[PDB]
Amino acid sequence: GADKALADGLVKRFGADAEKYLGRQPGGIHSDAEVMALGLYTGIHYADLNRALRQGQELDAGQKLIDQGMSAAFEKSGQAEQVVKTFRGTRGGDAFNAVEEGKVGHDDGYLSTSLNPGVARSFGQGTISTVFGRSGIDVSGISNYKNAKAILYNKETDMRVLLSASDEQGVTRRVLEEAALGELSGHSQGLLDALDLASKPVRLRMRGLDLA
């Protein structure tokens, strides 16, 4: 119905470019429309789509269709059973440059991360991130150039900056966490307290009146 309407829209607009991704995830959690949209994005359209989202430009017909196919895919997916660690490198700054440590912010575009640490850090790259989340979509069975094993996070996904630091080379080294995980996430139960870290963590009118 709605899936078929969007799937047809993608084939009418991108032809064989959309259709090469058909059936690439036989563990069919996602519709044909979603698998083609995730493929079109992962393979090449990420650059033009994310540029338009980030700049606040109106999306053309093709971009509109890819964006609704990806939104629908995230709606069906939800949170995974375990926290996944992924990596991301950019030649310059990103949307989290502005976000201070311990505070949350988000990228207006979709957030591509990789399970492969290599196809991320460090030569040429200006900001290197380690991401922890549950709501990412694994697209490695749809599109996998350079065997990047990509995990995509939804556009405008709120991320907490757990750490923002700079290398002695000038490389920004960041740790991001999906805000929706919680604040008790990433803590091994009682270890910080047990580590006995060397760092500092009635009223007054009687006193001798024991007021209940």
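Residue numbers here begin at 1 and follow the sequence given.
- Gap check for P201 to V202: 10 or more deposited residues are absent from the model.
- The mean Cα B-factor in the deposited entry runs higher for 93-101 than for the other of 107-115 and 93-101.
- Comparing 162-170 with 177-185, the stretch with the higher mean C-alpha B-factor in the PDB entry is 177-185.
- When the C-alpha B factors of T130, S77, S140, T127 are read from the deposited coordinates, the top value falls at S77.
- The entry lists a Cα temperature factor for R51 that places it in the middle third of the chain's modelled residues.
- When the modelled residues of the chain are ordered by their C-alpha B factor, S122 lands in the highest third.
- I29: CA B factor lies in the highest third for its chain, per the PDB record.
- The PDB entry assigns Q82 a C-alpha temperature factor belonging to the highest third of its chain's modelled residues.
- For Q63, the recorded CA B-factor ranks within the middle third of the chain. Only modelled residues enter the ranking.
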